[PDB]
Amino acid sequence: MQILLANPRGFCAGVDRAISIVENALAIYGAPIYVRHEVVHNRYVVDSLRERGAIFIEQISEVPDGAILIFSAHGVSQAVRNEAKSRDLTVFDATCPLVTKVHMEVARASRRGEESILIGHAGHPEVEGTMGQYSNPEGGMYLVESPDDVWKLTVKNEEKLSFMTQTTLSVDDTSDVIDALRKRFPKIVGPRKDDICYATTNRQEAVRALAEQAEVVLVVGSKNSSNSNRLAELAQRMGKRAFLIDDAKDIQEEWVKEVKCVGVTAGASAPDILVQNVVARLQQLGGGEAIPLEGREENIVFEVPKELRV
């Protein structure tokens, strides 16, 4: 059985930074270090940080005065940020810069009292945070998840409209939504394409090339990871059997029995060691040496704040 590895895969610049922010805070200040919501959506990472003293909380009110608090890479609303600022706490913002970029545009629109439309999935922490950057009653902030949502959306002044997007969406599906938005609101303004980050675009591109060769595609990632789910869905929609797994232990013999070519990739929040273990498991299941596919080279890095340098 041939094992192919998607490229790129795994850790993105934002996730590497966020994890290091927590690890260094713990290394420099010791336990406990409080973190608002999972720093990244990966159970292995979250379990590891908890084992080292990190305490994940739901609300800032749970954090004691004088403590160190970290905001997750997905971002937080202005209400959350301001609350933490008024508190006697040392705060480190692990929000990815690529998410912060979208936040600033939303705050700008709210400032001008002009309505904005966010393309994203309700309930996701990044959506909560981005929608949370808008607070002008005279304007408006709306969420759409599909063309159907656009088709039924009502706006106060479509003459002054702008749109933004979640950073981990399906490139193809988002294209459909944008097309619907421009047909419905011809004067709507936005970025050249969307706010889907380089990492999401690249990983979906890479899994597309992977799915063309592999019969089965394994995507290392947690159930609550948006970008990881998109990787698995893309493969499935291409007609291949795809599985979203947290680690090698989740692999069932039945999945790869008689399979001649199995592909493996990982969401932006999944550590490379998980992939290494998956490869090891597949090999004892008949797989050979893992073959990395040729892929677009990524060179972006986001440094942790100077204070947390180690």
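One-based numbering along the sequence shown. Between two forms, the rigid core is the largest collection of C-alphas that superpose within 1.5 Å.
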- Message: Rigid core superposition, C-alpha RMS per stretch in 7 other deposited structures of this protein: which comes out larger, 125-133 or 83-91?
- Response: 83-91
- Averaging the C-alpha B factors as listed in the entry, name the stretch that ends up higher: 185-193 or 149-157. 149-157
- Message: Highest mean C-alpha temperature factor of the two stretches 108-116 and 224-232, which is it?
- Response: 108-116
- Message: Sorting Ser77, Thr100, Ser175, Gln213 by Cα temperature factor from the record, which one lands on top?
- Response: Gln213
- Highest recorded Cα temperature factor - choice among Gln283, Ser48, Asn277, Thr265: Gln283
- By the record's CA B-factor, is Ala206 among the lowest, middle or highest third of residues in the chain? lowest
- Task: Would you mind ranking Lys249 by its C-alpha B-factor against the rest of the chain and naming the third, lowest, middle or highest?
- Result: highest
- Task: Among all modelled residues of this chain, ranked by Cα B factor, put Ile68 in the bottom, middle or top third, i.e. lowest, middle or highest.
- Result: middle
- Message: Sorting by Cα B-factor within the chain, modelled residues only, which third would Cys12 end up in: lowest, middle or highest?
- Response: lowest
- Message: Please place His124 in the lowest, middle or highest third of its chain according to the CA B-factor in the PDB entry.
- Response: lowest
